[PDB]
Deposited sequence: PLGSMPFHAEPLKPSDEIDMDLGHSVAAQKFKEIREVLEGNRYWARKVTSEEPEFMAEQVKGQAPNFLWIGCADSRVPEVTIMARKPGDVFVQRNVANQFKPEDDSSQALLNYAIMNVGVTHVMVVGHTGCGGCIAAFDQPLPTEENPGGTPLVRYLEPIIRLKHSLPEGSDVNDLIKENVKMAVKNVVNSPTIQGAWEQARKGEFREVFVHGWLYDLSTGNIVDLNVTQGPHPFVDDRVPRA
């Protein structure tokens, strides 16, 4: 033989394999930015499935997160990243400025599903510094000229009720507390609490948190409520 390993095959390079894998995608061929995010995923997928396959097979079977995160759409607040969690840990609603509007049937459905079917125990409303909806709300008159301004009406009204001297972060914090109150007052939570008091259901809790972009820290606003005082 021509040396000790004259016929040994090398795997194809990962980049070549990924390129071929992304051939299915029309848009990846057209937009470098789309190819980039899909490549990101393929390297992640290759790593997790070669180093944690048990974990990936557990995730196929179902989900049992203990938390529901009601947070902002803002790109700087990805819940799993900033809590150093894993897939399977946190059920999530994200919308502009982390509102939980009582009249929003889709939000009410999500909360009911989270509590009654998914099995979450803790609901956290999480606001964050630098929140654009709150910054916008802070300077608006009481009412609406754009979809956004109409959407922000409850935060505008809250701003107009806050004391003289309140700053943007005061509004962001109060907006968290307002959403917590709306979650607490939901038929879902009111129902779950009455059943818990009856010993017919687990206790479920609602919390209000603030993510401080300047430090990376989550601060508890200490507005937690449960079935009992």
Counting from 1 along the deposited sequence, which stretches were left out of the model? 144-148, 235-243
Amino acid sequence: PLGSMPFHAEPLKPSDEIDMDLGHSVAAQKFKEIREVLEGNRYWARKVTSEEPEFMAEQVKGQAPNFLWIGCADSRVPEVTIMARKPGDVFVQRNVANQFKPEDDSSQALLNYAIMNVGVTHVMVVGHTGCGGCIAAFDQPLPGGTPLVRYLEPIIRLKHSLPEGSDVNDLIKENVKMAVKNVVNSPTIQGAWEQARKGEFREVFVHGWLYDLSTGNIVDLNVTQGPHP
From here on, numbers count along this sequence of modelled residues.
With B-factors read from the PDB entry, the higher C-alpha mean of 77-85 and 124-132 is in 77-85
Look over 109-117 and 144-152 in the entry and identify the one with the greater average Cα temperature factor. 144-152
Scanning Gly216, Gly23, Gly208, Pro14 for peak Cα temperature factor in the entry gives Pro14
Identify, among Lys177, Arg42, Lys30, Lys61, the residue whose C-alpha carries the highest B-factor in the deposited PDB entry. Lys30
Going by what the PDB entry lists, where does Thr188 fall on CA B-factor within its chain: lowest, middle or highest third? middle
In terms of the chain's CA B-factor thirds, is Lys181 lowest, middle or highest? middle
If you rank every modelled residue in this chain by C-alpha B factor, which third holds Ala57: lowest, middle or highest? highest
In terms of its chain's C-alpha B-factors, the third that includes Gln195 is the highest
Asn66: which third of its chain by C-alpha temperature factor? lowest
